[PDB]
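Only one structure is covered here, and it is reproduced in the block below.
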Amino acid sequence: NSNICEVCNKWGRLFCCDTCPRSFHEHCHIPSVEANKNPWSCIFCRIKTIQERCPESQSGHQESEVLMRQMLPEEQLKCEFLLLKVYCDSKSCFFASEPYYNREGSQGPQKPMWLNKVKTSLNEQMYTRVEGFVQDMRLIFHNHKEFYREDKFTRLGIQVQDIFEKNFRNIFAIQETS
Ligand SMILES: [Zn+2]
Ligand SMILES: [Zn+2]
Ligand SMILES: [Zn+2]
């Protein structure tokens, strides 16, 4: 197994996958690494199994149909993995914890949002459809773009949103378009 966490790229107290060489901090994995379970298979492995059980699940889908899906176990897992892919980027640090807003010439968002809030929301099964999860994720970056206006820091929102959107299209097998 790897000797650094797959998500944050640091060493520490690492839990190792039994079916692939990845390793994780306990609360870096999503869901948090399960207490017992020998063997244990990481989220990457669990997602690959879904694909292998239903190869047709990789055919192209329309975003509008994906968003309306109910959060059954497989869609719950897919959203957890998509959230984890965002945390994998080091620029996620900016969006993880609860923001505050005091900048001359800007007003804070009406509905603040952050990664750890989305994480808790998934853990507590608060989303009933994929749309709920995707809306909150996109809100994180939209709030940032609006608040930072012409400051070059707005680019961090564009960057992390791009990571989100690329991984959304991959994980949910969105139909490729020009
Ligand atoms: Zn970690
Ligand atoms: Zn694995
Ligand atoms: Zn099948």
Side-chain angles (χ1 to χ4, degrees), residues 1-36 38-61 63 66-67 69-98 113-127 129-130 132-134 136-138 140-141 156-176:
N1 289 70
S2 180
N3 307 333
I4 54 171
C5 180
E6 186 78 355
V7 182
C8 72
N9 300 103
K10 300 292 198 276
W11 181 73
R13 185 53 196 115
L14 298 174
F15 302 88
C16 288
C17 183
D18 286 308
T19 49
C20 79
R22 303 177 170 91
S23 312
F24 310 80
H25 300 103
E26 176 167 7
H27 297 309
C28 278
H29 196 270
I30 305 181
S32 300
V33 165
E34 297 74 8
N36 209 295
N38 316 61
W40 179 74
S41 268
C42 81
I43 193 161
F44 291 81
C45 283
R46 297 169 64 189
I47 289 286
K48 182 203 307 307
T49 297
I50 307 319
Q51 281 169 25
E52 293 176 346
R53 289 178 163 154
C54 290
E56 71 273 28
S57 71
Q58 301 158 285
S59 296
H61 300 78
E63 178 174 312
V66 168
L67 298 182
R69 296 181 191 163
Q70 300 178 11
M71 290 284 261
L72 296 181
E74 284 187 7
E75 306 316 300
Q76 176 79 31
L77 195 72
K78 287 173 163 208
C79 294
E80 289 165 347
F81 188 47
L82 175 51
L83 181 54
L84 175 136
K85 286 292 192 148
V86 172
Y87 283 100
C88 290
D89 197 283
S90 64
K91 294 162 177 284
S92 70
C93 69
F94 300 109
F95 300 103
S97 75
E98 189 174 0
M113 195 49 61
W114 58 102
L115 300 168
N116 292 349
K117 185 172 167 70
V118 179
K119 188 182 277 197
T120 295
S121 296
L122 274 172
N123 178 241
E124 293 182 1
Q125 303 159 302
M126 300 288 306
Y127 301 111
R129 287 170 196 275
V130 170
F133 166 79
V134 170
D136 277 353
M137 295 292 287
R138 288 173 169 167
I140 300 171
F141 311 115
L156 272 294
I158 293 168
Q159 292 176 323
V160 181
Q161 181 150 23
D162 196 38
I163 297 298
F164 175 72
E165 296 295 343
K166 286 182 186 274
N167 281 282
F168 173 69
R169 290 189 305 269
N170 179 258
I171 293 169
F172 287 93
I174 297 291
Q175 176 59 52
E176 290 276 284

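Sequential numbering from 1 along the given sequence is applied to the chain's residues.
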Please round to the nearest 0.5 Å and tell me the distance separating atom [atom1] of [X] and atom [atom2] of [Y].
X	Y	atom1	atom2	value
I4	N9	CD1	CG	5.0 Å
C16	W40	SG	CH2	8.5 Å
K119	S121	NZ	OG	12.5 Å
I171	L84	CD1	CG	8.5 Å
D89	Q159	CG	CD	8.0 Å
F44	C17	CZ	SG	10.0 Å

side-chain contact (heavy atoms from CB on, under 4.5 Å) for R129 and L67? Distances and angles first, verdict last.
CA-CA 7 Å; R129 287 170 196 275; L67 298 182; over 6 Å; no

Is a donor on one side and an acceptor on the other found under 3.5 Å between the side chain of [X] and the backbone of [Y]?
X	Y	value
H25	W11	yes
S41	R46	no
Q76	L122	yes

State, yes or no, whether a side-chain contact exists between [X] and [Y] at a heavy-atom distance under 4.5 Å.
X	Y	value
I174	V66	yes
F94	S92	no
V134	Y127	no
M137	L115	yes
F172	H61	no

Would you say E176 has more than 12 foreign heavy atoms packed within less than 6.0 Å of its CD?
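No, because the 6.0 Å sphere around CD of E176 holds 12 heavy atoms or fewer from other groups.
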
Verify the neighbour count for atom CD of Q125: are there more than 12 heavy atoms of other residues, nucleotides or ligands below 6.0 Å?
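No, CD of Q125 has 12 or fewer neighbouring heavy atoms, counting only those of other groups under 6.0 Å.
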
If you look at every heavy atom in [X] and [Y], which pair is closest and at what distance?
X	Y	value
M113	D136	CG-O, 3.4 Å
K85	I163	O-CG2, 4.1 Å
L77	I43	O-CD1, 3.7 Å
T19	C45	OG1-SG, 3.1 Å
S23	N1	OG-CB, 3.6 Å
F24	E6	CE2-CB, 3.7 Å

Got a sec, which residues hit salt bridge (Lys or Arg N to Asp or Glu O under 4.0 Å) with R138, two or more places apart in sequence or on another chain?
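Counting only residues at least two positions away or on another chain, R138 forms a salt bridge (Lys or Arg N to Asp or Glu O under 4.0 Å) with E63, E165.
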
Run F15 and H29 through side-chain contact (heavy atoms from CB on, under 4.5 Å) and show every step you take.
CA-CA 9 Å; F15 302 88; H29 196 270; over 6 Å; no

How are the rings of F133 and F164 set relative to one another: parallel (under 30°), tilted (30 to 60°) or perpendicular (over 60°)?
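If you compare the ring of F133 with that of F164, the planes turn out tilted.
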
Starting from the C-alpha separation in whole Å, work towards a yes-or-no answer on side-chain contact (heavy atoms from CB on, under 4.5 Å) for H27 and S32.
CA-CA 5 Å; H27 297 309; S32 300; 2.9 Å; yes

Between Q70 and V130, is a side-chain contact (heavy atoms from CB on, under 4.5 Å) present by the stated rule, with each step listed?
CA-CA 6 Å; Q70 300 178 11; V130 170; over 6 Å; no

